[PDB]
Amino acid sequence: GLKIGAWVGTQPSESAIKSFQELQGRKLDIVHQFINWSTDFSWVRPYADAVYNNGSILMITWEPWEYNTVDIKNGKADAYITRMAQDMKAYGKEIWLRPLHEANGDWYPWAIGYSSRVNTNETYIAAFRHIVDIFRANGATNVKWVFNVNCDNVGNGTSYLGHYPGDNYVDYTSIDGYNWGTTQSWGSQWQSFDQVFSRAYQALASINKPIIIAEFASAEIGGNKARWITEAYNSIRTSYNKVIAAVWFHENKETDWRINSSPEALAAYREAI
Ligand SMILES: OC[C@H]1CN[C@H](O)[C@@H](O[C@@H]2O[C@H](CO)[C@@H](O)[C@H](O)[C@H]2O)[C@@H]1O
């Protein structure tokens with residue numbers, strides 16, 4: 001069965017996880033959290049314990065604001081990486097780790113499309129492989145590696161697979177994508193789940209790895225979010241057969257992505273999962 005996940009809009013304490021399960025009316029199979037590259041495992045541990053105590057898998061998006069691909073490739077973050085690997089091995093439990101995500105965009109300082117041009121496919125791949133090498137050298141085979149793309153290539157030099165580090169370094173591929181509706185002054189439009197995800201999925205479906213929808217959500221404005229949710233999950237089950245997990249992004253942020261942005265959205269979400 002499709003694994004159901006979320007970023008719940010806050011750090012996943014025991015009570016945040018339980019509250020989201022009451023909200024969506026179902027267990028969370030996967031709990032998503034975001035951390036940077038100046039956060040040690042000791043800070044993660046009480047969250048990880050809440051996730052595992054609930055019978056869920058923790059997925060961490062591990063964001064190197066503090067080191068770009070050149071820094072990482074060159075070994076300048078290795079002390080930090082090594083401690084994380086040691087600590088995660090000692091912890092022992094199955095963790096899905098998603099480092100250097102959305103690198104086919106232009107908004108992160110490790111991304112290929114980032115305006116300084118410092119990150120290339122070569123430096124990205126070398127960085128990703130270097131991280132995985134350190135984890136394996138430290139015995140952290142409990143850590144599963146998640147490659148990621150944004151649904152669209154944004155910025156110069158970006159592509160779905162140019163930065164792919166190889167099947168020997170990846171356990172899961174993944175896609176992030178949003179229906180922005182008409183909410184953005186950059187001229188956004190309502191897009192169905194297919195309109196958002198199909199192109200990236202076709203590219204990743206060429207790789208013999210399972211796929212996670214690591215982040216998705218819909219706006220309320222410009223269409224019927226309840227129907228979008230119903231149709232999204234139908235589409236995942238019907239036509240995105242390599243997808244093994246769907247992880248909503250539940251936060252009132254750029255727009256109201258939450259599953260409870262309206263009562264009707266919530267009801268549709270509860271039924272869809
Ligand atoms: O633009 C919508 C989302 C696209 N995917 C990004 O990963 C999201 O940004 C992350 O959001 C989390 C949760 O708010 C932050 O902790 C991360 O630092 C951030 O990169 C983005 O909101």
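Here the Cβ is made from the backbone with ideal geometry for all residues, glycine too, and neighbour counts use every protein chain on show. Every read-out reported here was derived from the displayed coordinates using simple, explicitly stated rules and does not represent laboratory data.
For the reader, a short list of remarks on this structure follows.
- Three-way shape call for the chain based on the alpha-carbon gyration tensor, with the a/c threshold at 1.5: oblate
- Degrees separating the helix 41-53 axis from the principal Cα axis of the chain, which is the longest one: 40 degrees
- Segment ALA137-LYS27, length gained on full extension (0.36 nm per residue, minus Cα span): 36.1 nm
- Mean residue ellipticity (222 nm) of the chain, computed from DSSP H runs ≥ 4 via -39,500 (n - 2.57), nearest 500: -11000 deg cm²/dmol
- Peptides 93-99, 147-153, 113-119 ordered by average Cβ neighbours within 10 Å, highest first: 147-153, 93-99, 113-119
- Of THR82, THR69, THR61, the residue with the greatest mean-square motion in the GNM of the chain, using alpha carbon springs below 10 Å, is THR82.
- Whole-angstrom gap from segment 227-271 to segment 1-49, using each part's C-alpha centre: 17 Å
- Taking 0.36 nm per residue of sequence separation and removing the Cα-Cα distance, the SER239/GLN86 pair yields an extension gain of 51.1 nm.
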